[PDB]
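**Q** Let me give you the complex in parts, starting here:
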Amino acid sequence: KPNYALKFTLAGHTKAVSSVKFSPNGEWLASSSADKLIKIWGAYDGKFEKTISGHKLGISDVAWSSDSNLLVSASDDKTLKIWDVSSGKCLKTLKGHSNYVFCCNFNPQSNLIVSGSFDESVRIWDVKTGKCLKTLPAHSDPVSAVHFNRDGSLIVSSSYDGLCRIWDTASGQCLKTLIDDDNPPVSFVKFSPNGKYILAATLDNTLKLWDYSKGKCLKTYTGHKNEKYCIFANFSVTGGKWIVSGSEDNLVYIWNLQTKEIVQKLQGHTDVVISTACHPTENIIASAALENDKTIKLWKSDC
């Protein structure tokens, strides 16, 4: 079981933080918020690297490039924006989403972008020209989370209408639709590291790991509190296999991956722990809370 202890507390976003992500090299931590600002920080010392502005409205998601060189920022201004992380330059501004863009993710080869917006349509974007290559009426409700598989052949999409839909990338083909006998608003979704499973959070204090080849939920995770906000979930792999997530009770929940049992509860945040990020290499977890906290906390364990 992990023993994550607070090592660095990070803050500075004037408004509610919406996403924090570790750089794939583990060198930086990108924090987006509704303040139209992004903040790069040092991933090991909590050293504030810089602030990147340019978005016109609140930012609902930000995602790193695989080479740790680019960052896509999906903002409430209906725009994406691709930035060079080293220069902070707005290399591209992606226009075409008809409403608030909530999520964004790069392809495993970092040359393509998937984007979900309030328009309830998922847009598929070029990187080097920033051109929208596809647009899909994916869901009947604003999209919450979109993500690539291990290779970029499949795109998983979640939305408030409770649907988790796997789509073909080359054709936009709606491959699969996962249903759990009800309509639980799915606020987050992502593939497994092996691309074999899918972790999806529903707004009923429940996380669900599904098999893709089976199309059925394999494991369930409860004990946390998440019913309104887009609370992120990550796979803790650098140490033991765990499932880390935020919760509306100001806690940072860590379940065992296999046994689904809570293996740690990181407390110290005063607001809802809105965003989570797991270090790609180290046993480091960045937990960012909402506006009543406005703080990001680094946690380091020994296993």
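**A** Cool, got the structure. Numbering: from 1, shown residues only, chains lettered A, B, ... in the order given.
**Q** can you pull the buried residues of stretch A:97-105?
**A** Neighbour-count burial for stretch A:97-105 flags A:97, A:100, A:101, A:102, A:103, A:104, A:105 (criterion: 16 or more other C-beta atoms under 10 Å). Heads up, the C-betas are built off the backbone N, CA and C, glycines and all.
**Q** tell me which residues form a beta bridge with the last one?
**A** Counting by DSSP bridges, residue A:105 forms beta bridges with residue A:114.
**Q** which stretch of helix or strand covers the closest residue to residue A:131 other than its chain neighbours?
**A** Closest residue to residue A:131 apart from its sequence neighbours, by C-beta to C-beta, 6 or more residues apart in numbering: residue A:125 at 6.9 Å. Using DSSP states H and E, residue A:125 sits in strand A:122-126.
**Q** Surely the residue nearest to residue A:131 and residue A:111 touch.
**A** No - applying C-beta atoms under 8 Å, one finds residue A:125 not in contact with residue A:111, separated by 10.4 Å.
**Q** the more surrounded of those two?
**A** A direct count of neighbours by other C-beta atoms under 10 Å for residue A:125 and residue A:111 places residue A:125 higher, at 25 against 13.
**Q** Phi, psi for residue A:179 please.
**A** Taking degrees, to the nearest 10, you get phi -130, psi 140 for the backbone angles of residue A:179.
**Q** okay, now chain B:
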Amino acid sequence: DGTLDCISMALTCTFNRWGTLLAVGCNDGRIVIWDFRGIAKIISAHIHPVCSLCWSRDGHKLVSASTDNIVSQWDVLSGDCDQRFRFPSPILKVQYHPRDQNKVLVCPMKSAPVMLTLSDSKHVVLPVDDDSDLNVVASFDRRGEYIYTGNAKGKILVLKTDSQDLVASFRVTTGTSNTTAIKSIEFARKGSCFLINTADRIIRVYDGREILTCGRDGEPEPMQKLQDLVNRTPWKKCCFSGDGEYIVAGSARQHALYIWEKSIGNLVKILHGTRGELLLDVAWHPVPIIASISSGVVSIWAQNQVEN
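**A** Let me put chain B in with the others:
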């Protein structure tokens, strides 16, 4: 099952390595690179229509053949003519080498296929068995390790791509004792099964390992024999599925599409196009979408699951 109005004079198309883009030639001699749902690029390739188009493995290069016997390599990002060559006996086909984009084989009309390189403007003339075929189609295998050449007289030579040495040989039969014009040789992007379209309107599916172990001048039987036993229809163009377990044939006689399997070989299905359209070109999405070019118009044929 879905067409595109934004392109005209569709003559030949080719999927990229991942089935994300489609470079189609037009009668004006232009390349229209269309994305799977708008055009991504327009290249002024030739004044002459383009009849042969192939993507590079990295996808950054496309080899194009005009009807002016003008072959040219183009960068997909820029659209520049990287290299340009011309020959006698107008080119029937070009084909990048799948594991070396510097190399490209070319099947001309009356002359033997020749393998050139882009780094050095050299060329290696591949041998011809009967010395009088004047019409030999040729193709790399899935890995570009061997070259399969089929003549108008049913003779089939398997050479090694580096030495052009005869590593296998056999003549296909019309059943009784006669030869048939080898219309085309296709391979599977996965595995080792390949197909031959012949003048007998009968597609013959083999496994290249069996030809290699059959040796020179042997009697290798096909993995499968495929035809329209009902209409006895020729096949203008055929292709495998992306996986290699489904095979499609284009009946330009009645502008239809036949779909068989590989192992069993039973006909999966049939797709009917506009009875007034003349079927020209056929391709399959490499990773269940099928592009068709008929009367200058492209149509798309997808296949969805039980959901949506």
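**Q** how about residue B:273, what does it touch?
**A** Going by C-beta atoms under 8 Å, 6 or more residues apart in numbering or on different chains, residue B:273 touches B:255, B:256, B:257, B:279, B:292, B:294, B:299.
**Q** Tabulate the residues you listed (TSV), appending neighbour count and secondary structure.
**A** Formatted as TSV, the contacts of residue B:273 follow (neighbours: other C-beta atoms under 10 Å in any protein chain shown; DSSP: H, G, I helix; E, B strand; the rest coil):
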residue	neighbour count	secondary structure
B:255	21	coil
B:256	18	strand
B:257	20	strand
B:279	23	strand
B:292	26	strand
B:294	22	strand
B:299	20	strand
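**Q** Enumerate every residue touching residue B:184.
**A** Shown in contact with residue B:184 (C-beta under 8 Å, 6+ apart): B:137, B:196, B:197, B:237, B:238.
**Q** nearest residue to residue B:57 other than its sequence neighbours?
**A** Among residues not flanking residue B:57 along the chain, residue B:101 sits closest, at 5.6 Å (C-beta to C-beta, 6 or more residues apart in numbering or on different chains).
**Q** what's near enough to touch the one you found?
**A** Residue B:101 neighbours (C-beta under 8 Å, 6+ apart): B:56, B:57, B:58, B:61, B:118.
**Q** next one is chain C, place it on the structure:
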Amino acid sequence: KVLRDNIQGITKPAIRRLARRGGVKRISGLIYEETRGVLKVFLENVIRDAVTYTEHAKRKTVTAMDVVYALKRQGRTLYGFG
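**A** Placed with the earlier chains, chain C looks like this:
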């Protein structure tokens, strides 16, 4: 030994010969293949029915009396074959 396309083995000169026998002066092209089709369709029945007889006859060769009884059943009876 799989057969095919003997329908076009019917020569247009043969067709026009039959037409002249029928007392026809001017003919169009569109007829012949059409004609052929009909021909096929026509025989399409009898042989089958004929071999149907041969079906019940439990034999491998097909005989005239087969088509005799067919044309009879087809109301187009013929003489001179038993």
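**Q** With chain C now part of the structure, what is the answer for the contacts of residue B:184?
**A** B:137, B:196, B:197, B:237, B:238.
**Q** Mind putting the residues you listed into TSV with distance to residue B:78, secondary structure and neighbour count?
**A** Output for the contacts of residue B:184, formatted as TSV (distance: C-beta to C-beta, whole Å; DSSP: H, G, I helix; E, B strand; the rest coil; neighbours: other C-beta atoms under 10 Å in any protein chain shown):
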residue	distance to residue B:78	secondary structure	neighbour count
B:137	31	strand	22
B:196	37	strand	24
B:197	35	strand	26
B:237	30	strand	20
B:238	33	strand	22
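**Q** Now the residue minimising distance to the centre of chain B. Its backbone dihedrals?
**A** Nearest residue to the geometric centre of chain B (C-alpha atoms, centre = their mean): residue B:186, 5.9 Å. Phi and psi for residue B:186, reported as degrees, to the nearest 10, are phi -120, psi 150.
**Q** these two touch, right, it and residue B:137?
**A** No - using C-beta under 8 Å, residue B:186 makes no contact with residue B:137, being 9.8 Å away.
**Q** Pull up the distance across stretch B:198-218, start to finish.
**A** In stretch B:198-218, first residue to last residue: 19 Å (C-alpha to C-alpha, to the nearest Å).
**Q** If we go by neighbour counts, what in it is buried?
**A** B:198, B:200-208, B:210-211, B:214 (16 or more other C-beta atoms under 10 Å in any protein chain shown).
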